[PDB]
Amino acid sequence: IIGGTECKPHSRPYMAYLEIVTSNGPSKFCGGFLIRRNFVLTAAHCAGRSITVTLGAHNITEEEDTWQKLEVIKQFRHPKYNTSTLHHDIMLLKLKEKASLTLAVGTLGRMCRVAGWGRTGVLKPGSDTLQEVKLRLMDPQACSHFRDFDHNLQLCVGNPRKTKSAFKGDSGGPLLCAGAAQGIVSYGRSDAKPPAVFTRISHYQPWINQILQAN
């Protein structure tokens, strides 16, 4: 998160920190959010050979009693997900058991908010602490330069006149508008110039329901 503020610890109790394993590279990291006690919603580009979720985290470097580290048994990447265009950049992770409900862990033109542990600048490392930023929802024309952006599938997020932005490491995290999840962090420019592209959750709600009911 570029240009944001440190979250009040545990104030976003649905946030999930994902550590993703690849067979031929070191670990990668993404965000996500708990939508049922045994399901996390994230971006399809955060798929890997295996994933661990950490719920209850603020400072991700320091283990505390709020932490619940949970195994993912199965990854449900959207069947139409496209690795080039990042169309249908959405994925459900089924956890091995249901999370415990605690104060720190629970399920979940206008201004919206996004949180994550991603980098705080192009050249900066990932944040130790959960950060949050308020971003403007833009008209789709603002995202035209992303040649494969589609207004029906995706939100266009972040006033280009501000530096404020989600960035590397924030992928998979939710965008909340009036407290309801409306987007998933998907992609943007390497130079962090807003706006960025988010998955439009509303479009995928039938598919979300289909996975949950079968699992």
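Residue indices: 1-based, along the sequence shown.
Q: Is there a break between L108 and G109, and how many deposited residues does it span: none, 1 to 3, 4 to 9, or 10 or more?
A: The entry has 10 or more unmodelled residues between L108 and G109.
Q: May I ask you to compare 189 to 197 and 19 to 27 by their mean CA B factor in the entry and name the higher one?
A: Of 19 to 27 and 189 to 197, the stretch with the higher C-alpha B-factor average is 19 to 27.
Q: On mean Cα temperature factor in this entry, is 93 to 101 or 117 to 125 the higher one?
A: That would be 117 to 125.
Q: Per the PDB entry, which option out of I51, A178, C156, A43 has the greatest Cα B factor?
A: Of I51, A178, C156, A43, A178 has the highest C-alpha B-factor.
Q: According to the Cα B-factor stored in this entry, which of the following is highest: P160, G56, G32, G183?
A: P160 has the highest C-alpha B-factor of those listed.
Q: Taking the chain's C-alpha temperature factors as the reference, tell me which third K164 falls into: lowest, middle or highest.
A: Ranked within chain, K164 CA B lands in the highest tercile.
Q: Among the modelled residues of this chain, does the Cα B factor of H145 put it in the lowest, middle or highest third?
A: It belongs to the lowest third of the chain when residues are ordered by C-alpha B-factor.
Q: Report the third (lowest, middle or highest) to which the CA temperature factor of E63 belongs, ranking only the modelled residues of the same chain.
A: As the PDB entry reports it, the C-alpha B-factor of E63 lands in the highest third of its chain.
Q: Considering only modelled residues of the same chain, in which third does the CA B-factor of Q75 rank: lowest, middle or highest?
A: Bottom third by C-alpha B-factor.
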